[PDB]
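In the form deposited in one PDB entry, a lone chain appears below as C-alpha cells.
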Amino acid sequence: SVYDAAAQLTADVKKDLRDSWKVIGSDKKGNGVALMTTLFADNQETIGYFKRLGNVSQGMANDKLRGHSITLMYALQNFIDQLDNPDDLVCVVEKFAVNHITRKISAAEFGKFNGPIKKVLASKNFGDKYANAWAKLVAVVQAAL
C-alpha cells in the first residue's frame, strides 16, 4: 500500500530529504539534466522510452530534453512539499503514477532512477545516508506501480 510505504518516511528521513532538496532543487535546469543524462549513460536501455525527446545525447542544447528535465524536478518538488501529510502525498503520487503506468513502466524500471539520484547527490557532497532517504521516497512511487 502506498500509505504503508509513506510510513517509511520517518522524521529523520524527511529531514534528510528536505535538507538535500534545498540544494539539488535549487538548480532544477542543471540538476534535472544531469539526472537524465546520467540515467541514459548508465542505463542505455531506457533511451528507447524517450524517443519523443529526439537526440538526448545533445544534453542541455536539446530543448525537448531541457523542458522534460526541468518539469521532472517539479514532480519531486511536489512530493517534498507533501511529506508532512501522508494523505496528500498519497493522492499526488497516485496521480503521478497514472501516466507512467500507461507507458508500461514497472516498479523495477522506475527503481533505475536511484542510481542517477545517488550520483547527483554525491556531486553535491551528500553521501549514502541521503541516497538511502531518497531511495525510500522512490519506494513510495514504486508501491503505486
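From 1 onward, residues are counted along the sequence shown.
Once the C-alpha B-factors are averaged per stretch, 16-24 and 120-128 rank with 120-128 first. 82-90 and 28-36 differ in mean CA B-factor, and the higher of the two is recorded for 82-90.
Take 70, 107, 60, 47 and read off each C-alpha B-factor from the entry; 60 has the highest. Annotation for 112, 64, 51, 100: 51 ranks highest, by Cα B-factor.
Per the PDB record, residue ranking by Cα B-factor puts residue 77 in the lowest third of the chain. Residue 6: CA B factor lies in the highest third for its chain, per the PDB record. Remark: residue 145 belongs to the highest third of its chain, ranked by C-alpha B-factor as recorded.
Quick note: we don't show the form deposited with a small molecule bound, though the next part is all about it.
Using a 4.5 Å cutoff between non-hydrogen atoms, residue 35 counts as a contact of the small molecule in the deposited bound form. In the deposited bound form, the small molecule sits within 4.5 Å of a heavy atom of residue 120.
Proximity of residue 90 to the small molecule in the deposited bound form: non-hydrogen atoms within 4.5 Å are absent; the residue sits far from the partner. Though the partner is left out of this view, residue 24 does reach within 4.5 Å of the small molecule in the deposited bound form, counting heavy atoms only.
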